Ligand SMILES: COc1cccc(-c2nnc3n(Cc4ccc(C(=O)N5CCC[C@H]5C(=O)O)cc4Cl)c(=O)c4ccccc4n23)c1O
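Listed next as structure tokens is one chain, alone, in the form deposited without the named molecule.
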């Protein structure tokens, strides 16, 4: 439920809150700038472990790396003994009552503004919660019902008594989230048969592409942080299975043992070595925007290069996007899976020739020839695009990435029957999710024009459902700045 995450809380606030209303084994996560802190109670004391996210993964210091904070909490809740200094136990998640991260919580918002927004954007079952105009401390839940003078908007008061919230009778809830969850499953019914069904909240995020310049400023005075945290709170809905990645036969095929591909979107390799026990696995996912598709994969390991070229050949991909150097900050992020210029290498059953390397300002283009060893009429050209100027920890200007994606999209579109654009970095999420999400957004704007509706968090959530994708708030802000810059250069007429 991720409610163990407390957005607006200080360090000593967490300690007192864990000591007064918690026991040994209780924990909560808190943000405060760019990293996070996991406060855990242990033997009457409270310890603070830090998680650092540089845009590639969540790195719990002294522990493992994870794709989401919920995966970090879930892992250490099932793997007690590996989170040590003395043993530290993640037993009881302490839940937060602050509803700011909820989509249905609009916070400060009047009654007429809620009726207008529920009229313009809401359908049957759309609801919201706001701070009450009439009486301080209390709240109001406004819900729209009808057919799609055939509909109405009903307001329900939610008074706050001794830190508990209720409808005026019946159950009293610890938080507004619990009240919403209950009356969402047990909906209130008016005395005349109509049922106040809470279907889906109001979408305060679908933006028209022409107004991007104003919305970025509305989130700049933090708006970006509040919207990103709302998007982060939905990660518990994307806890799909990853059983094929957790197999002991595939343990040595992942760059990080806890960043695994979803089973329903992973790339399954065929026609493999019968002597190898498992030859169908690769840390990669088919990214389908819900018009090109993508393959988000990890950086190559020395023992996964042959499988990597099997994947490109099998999926008929013709364009690769590398968004990291081989080595960054002294550590290997992706082994060199391509031959030297003018060379010809054999990667298991696949054969790759590096025909030419062209150096641009921010990237290097390599024209590769992928063919099947011992086979004719299998050769095809794979255009590898290696972005080399991404910072170690986002670019201050999106001009290079947009030029990079423009040349990548034009080459992909020029090859008929071309497979998904393979995009990878170190772990395959963060930088990779940023590039793919931006490319989806500018592709909509390039086709439908500057008068089309976009939704950055919804699009991200759609992509995060296919790979466990965007990492930090900085990348989230960079996606907006890239969309804004793309609109700005397209309107030069």
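Residue numbers count along the first chain shown, from 1.
Below: the form deposited with the named molecule bound, not depicted.
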Distance check, residue 82 to the named molecule in the deposited complex, heavy atom within 4.5 Å
yes
Against the named molecule in the deposited complex, would residue 302 count as a contact residue? Criterion: heavy atoms within 4.5 Å.
no
Residue 260: touches the named molecule in the deposited complex, heavy atom cutoff 4.5 angstroms
yes
If you check in the deposited complex, is residue 240 within 4.5 Å of the named molecule, heavy atoms only?
yes
Segment assignment from 167-175, 152-160, 244-252, 371-379: heavy atom within 4.5 Å of the named molecule in the deposited complex
244-252
Picking from 74, 316, 293, 279, the single residue whose non-hydrogen atoms come within 4.5 angstroms of the named molecule in the deposited complex is 74
May I ask you to choose, among 78, 211, 120, 86, the residue with a heavy atom within 4.5 Å of the named molecule in the deposited complex?
78
